[PDB]
Enquirer: 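Pasting a structure below so you can have a look.
Letters A, B, ... mirror the listed sequences (proteins, then strands); counts begin at 1. Keep in mind that the numbers below use all heavy atoms, side chains included, and drop hydrogens, waters and symmetry copies. When a ligand or atom number is given, it counts from 1 through the structure's own listing order.
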Amino acid sequence: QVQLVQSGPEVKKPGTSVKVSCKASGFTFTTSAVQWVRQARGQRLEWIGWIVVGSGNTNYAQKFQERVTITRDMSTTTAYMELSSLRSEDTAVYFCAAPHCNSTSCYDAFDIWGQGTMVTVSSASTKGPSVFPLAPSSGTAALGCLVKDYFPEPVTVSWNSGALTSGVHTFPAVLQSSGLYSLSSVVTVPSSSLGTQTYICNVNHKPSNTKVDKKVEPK
Amino acid sequence: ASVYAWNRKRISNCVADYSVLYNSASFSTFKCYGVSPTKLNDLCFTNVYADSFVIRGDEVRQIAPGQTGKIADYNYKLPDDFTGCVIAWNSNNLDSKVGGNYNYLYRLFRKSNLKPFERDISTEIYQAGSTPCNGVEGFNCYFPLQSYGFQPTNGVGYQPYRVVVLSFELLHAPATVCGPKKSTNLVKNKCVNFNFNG
Amino acid sequence: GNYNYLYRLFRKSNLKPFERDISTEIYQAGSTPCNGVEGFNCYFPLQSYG
Amino acid sequence: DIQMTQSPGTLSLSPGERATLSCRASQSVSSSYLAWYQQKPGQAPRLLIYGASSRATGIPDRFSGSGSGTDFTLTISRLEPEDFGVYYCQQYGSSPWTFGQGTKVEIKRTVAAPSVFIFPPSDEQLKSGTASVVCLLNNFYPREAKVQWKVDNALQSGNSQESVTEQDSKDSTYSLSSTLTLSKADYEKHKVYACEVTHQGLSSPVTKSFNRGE
Ligand SMILES: *[C@@H]1O[C@H](CO[C@@H]2O[C@@H](C)[C@@H](O)[C@@H](O)[C@@H]2O)[C@@H](O[C@@H]2O[C@H](CO)[C@@H](O)[C@H](O)[C@H]2NC(C)=O)[C@H](O)[C@H]1NC(C)=O
Ligand SMILES: *[C@@H]1O[C@H](CO)[C@@H](O)[C@H](O)[C@H]1NC(C)=O
């Protein structure tokens, strides 16, 4: 079980600091190295820096030399990444990577990767979502739900408590200028089934503990 | 001296009093192997080796026969049949510097373990991967020595400790290193069992 | 590691033939009296086999 | 710093063809210090090839790698449905260990026109003082599509936002959702709301509208 587990999602205000953890398993941490890489939503991979676990020596990128410090603790076989003076530009997903090694030799690349830690930096506050119905117009029709004005990401949407999956499109959320997110989830069904099949969207937002079951009606 | 460059002193023909050192609370560690620490003055061996170095407190437990760790495996290994003593004392006031000391190093990587009483001071770049390092550090190519960075504010487990390991070697030669061998008062005109010089 | 088997490591004198000593008195290896208190130069006479 | 560039930007290929990706470095780098990673949406990168010509553990043998110096190539002999994702090349010899910009490998398909649907804002949201009109583009290819909002024949700009889903795993099509956001006052100041969709599969832009109230 050569594993690499990272912290959970983080939501910090601008001007603060975040410390992302990255714990190793399976291989011998003491003789390996750990790199940190960031990825903005829909962007490429941006290398932040690396650290030698045994020595503690660090190398950072030019763009992260000023606000990122990578550390490690061989006793708890965990490496950390401190990011000071957060801002909206820092809202991204952060990965840690390490070669698996035995007691004397190491792998020649970064083959073990963490699941990723999403860090959101904004002035917004926790808020539950408003679910509005997108009714189908009066052979196939489309209907859905609008999960509007919630924070932070993400929300999960299901149809018929998971029974309806075919033809379902849940779009990725957009960040409005108000700081809240908006998401649309649609489904195409035959026009005949509109009067003899109740459609209910199940919107769940764990950060706000919000569970909304909204029934879509043909006006 | 540094732990990887441990210093060895040779002791031939000189009387010594291990009682003023054993009775000293200054020494944080006084542990002997193969010979009792109390009964030490009577023993006689032809030569004495004195290995000296500096480590950190958490590593003082590694200076013992049959131990494993960074120091025991890559810096200083004691044989299983070691016959001698290990003495250690806290040297924070001497070997610790604010900001970290850069004078004491320790070997961090090595492909094989050290033989008993082996001394390795090579600075070859350790190849941790399959790709050969060509004198340049990088991924899977690290420098074998690392600095302790002793600071006065460090935890006592990380503070500097001076360690001296005394070993007593007997060869096919006359035994020239002897203990104090104190004496007592003498009484006359009474039947006594006596033990003079030899 | 089995430590249930012990052996006496210090004693003020050698045992006479077939003599048995099971005392756990703290052996004073130095000039400082121990007064039943373990510490520097005050050792538990028994030690476990490894 | 060493700059890593990847090509092509989008690799539209059919399942079963041979894929070929290129990676260029701004200066000569060691072949033994280059890696290729695969990343799927919502997933972590996965190492495929290292040392330019060393297959990783568990990676199928259809993935291969070649190159030397400044030019390197990643070759997929037979493209599998589980291989359509994003590919990166990284050099880890000289610090900083920069990454490439990525290559999206999508499933090639025939031109499909989008099904256009318009959704007026619900009365429940209208009670909140804000109106959101939604335009859905369903099952189309390629991904490139154009949506224009017209409110009483007045083209809108700067008050709408779009969102595109990943390529579907079954029909290899994309879906688009555009949301126009107005105040309740501005929503009640007009009557006809329409979205015009321009796409390759449409011989002419298709417009879907509704009358406020009807
Ligand atoms: C520690 O591992 C090295 C290298 O093993 C390789 O890399 C590992 C990450 C893993 O993927 C292994 O399956 C790989 O084989 C060992 O070094 C090799 O040892 C074998 C032993 O016969 C030898 O034939 C190879 O030439 C060696 N290769 C190199 C680059 O040194 C090493 O033996 C392992 N040590 C221990 C204690 O297990
Ligand atoms: C028996 O006990 C006395 C008590 O002081 C002690 O002096 C003596 O040495 C002991 N005998 C032996 C053989 O140790």
Enquirer: What protein heavy atom is closest to atom 16 (C) of ligand 1, reported as residue, atom name and distance in Å?
Expert: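 So the nearest neighbour among protein heavy atoms is A:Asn102 ND2, 4.2 Å.
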Enquirer: I'd like to know if A:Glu46 and A:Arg44 make a salt bridge, using a cut-off of under 4.0 Å between side-chain N and carboxylate O.
Expert: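 Looking at A:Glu46 and A:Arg44, the cut-off is not met.
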Enquirer: For the residue pair D:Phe99 and D:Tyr88, categorise the inter-ring angle as parallel (less than 30°), tilted (30 to 60°) or perpendicular (more than 60°).
Expert: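 If you compare the ring of D:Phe99 with that of D:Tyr88, the planes turn out perpendicular.
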Enquirer: What protein heavy atom is closest to atom 9 (C) of ligand 1, reported as residue, atom name and distance in Å?
Expert: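 The closest heavy atom on the protein side is A:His100 NE2, 3.4 Å.
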Enquirer: May I ask whether atom 12 (C) of ligand 1 is less than 4.0 Å from at least one protein heavy atom?
Expert: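 Neighbour list for atom 12 (C) of ligand 1 is empty of protein heavy atoms (cut-off 4.0 Å).
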Enquirer: Starting from atom 17 (O) of ligand 1, find the nearest protein heavy-atom neighbour and note its residue, name and distance.
Expert: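 Ranked first by proximity to atom 17 (O) of ligand 1 is A:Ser105 OG, 4.5 Å.
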Enquirer: Among all the protein's heavy atoms, is there at least one whose distance to atom 31 (O) of ligand 1 comes out below 4.0 Å?
Expert: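 It does not: no protein heavy atom is found less than 4.0 Å away from atom 31 (O) of ligand 1.
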Enquirer: How about atom 9 (O) of ligand 2: does it have a protein heavy atom within less than 4.0 Å?
Expert: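 Within 4.0 Å of atom 9 (O) of ligand 2, protein heavy atoms are found.
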Enquirer: Would you call the rings of B:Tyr148 and B:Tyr106 parallel, tilted or perpendicular if under 30° counts as parallel and over 60° as perpendicular?
Expert: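 Plane angle between 30° and 60°, so tilted.
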Enquirer: Any protein heavy atom lying closer than 4.0 Å to atom 35 (N) of ligand 1?
Expert: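 So far as the 4.0 Å threshold goes, atom 35 (N) of ligand 1 is in reach of a protein heavy atom.
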Enquirer: Can you confirm, on distance only, whether ligand 2 has an N/O atom lying under 3.5 Å from any N/O atom belonging to C:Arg11?
Expert: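 Yes; the residue has a nitrogen or oxygen that sits under 3.5 Å from a nitrogen or oxygen of the ligand.
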Enquirer: Looking only at protein heavy atoms, which one is nearest to atom 37 (C) of ligand 1, and what is the separation?
Expert: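 Scanning the protein heavy atoms, the shortest distance from atom 37 (C) of ligand 1 goes to A:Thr104 CG2, 4.0 Å.
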Enquirer: State whether A:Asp111 and D:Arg46 are salt-bridged, where the test is any N-O pair (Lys NZ or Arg NE/NH1/NH2 against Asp/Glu carboxylate O) under 4.0 Å.
Expert: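 Salt bridge flag = no for D:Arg46 with A:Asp111.
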Enquirer: So, C:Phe10 versus C:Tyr43, ring centres under 6.0 angstrom or not?
Expert: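 Between C:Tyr43 and C:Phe10, which both carry aromatic rings, the centre distance is below 6.0 Å.
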Enquirer: Using a 4.0 Å cut-off to any heavy atom of A:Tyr107, which atoms of ligand 1 qualify?
Expert: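 So the atoms of ligand 1 that pass are 9 (C).
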Enquirer: Between B:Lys115 and B:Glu118, is there a side-chain N and carboxylate O pair less than 4.0 Å apart?
Expert: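 So B:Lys115 pairs with B:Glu118 through a salt bridge.
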Enquirer: Any protein heavy atom sitting closer than 4.0 Å to atom 23 (C) of ligand 1?
Expert: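 Looking at atom 23 (C) of ligand 1, one finds that no protein heavy atom lies closer than 4.0 Å.
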Enquirer: Taking the six-membered ring for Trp, are D:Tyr50 and A:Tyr107 parallel (under 30°), tilted (30 to 60°) or perpendicular (over 60°)?
Expert: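 Tilted.
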Enquirer: Taking the six-membered ring for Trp, is the centroid-to-centroid distance between D:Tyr33 and B:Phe139 below 6.0 Å?
Expert: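 Judged by ring-centre distance (under 6.0 Å), D:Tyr33 and B:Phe139 do not meet the cut-off.
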Enquirer: Under the 4.0 Å line, does any protein heavy atom show up next to atom 2 (O) of ligand 1?
Expert: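 Yes, because at least one protein heavy atom sits under 4.0 Å from atom 2 (O) of ligand 1.
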Enquirer: Any carboxylate oxygen within less than 4.0 angstrom of a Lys/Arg side-chain nitrogen, looking at C:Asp21 and C:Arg8?
Expert: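 C:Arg8 and C:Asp21: salt-bridged.
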Enquirer: In terms of ring plane angle, is the pair D:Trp97 and A:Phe110 parallel, tilted or perpendicular, where the classes change at 30° and 60°?
Expert: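 Ring orientation of D:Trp97 relative to A:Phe110: tilted.
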Enquirer: Nearest protein heavy atom to atom 3 (C) of ligand 2: under 4.0 Å?
Expert: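 For atom 3 (C) of ligand 2 the answer is no, since every protein heavy atom stays at 4.0 Å or beyond.
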Enquirer: Can you confirm, on distance only, whether ligand 2 has an N/O atom lying under 3.5 Å from any N/O atom belonging to C:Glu19?
Expert: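 No; every N/O pair is 3.5 Å or more apart.
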Enquirer: Flag atom 20 (C) of ligand 1 as yes if some protein heavy-atom distance to it falls below 4.0 Å, otherwise no.
Expert: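 Neighbour list for atom 20 (C) of ligand 1 is empty of protein heavy atoms (cut-off 4.0 Å).
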Enquirer: Which protein heavy atom lies closest to atom 12 (C) of ligand 2, and at what distance to 0.1 Å?
Expert: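 Checked against all protein heavy atoms, atom 12 (C) of ligand 2 sits closest to C:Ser13 OG, 3.3 Å.
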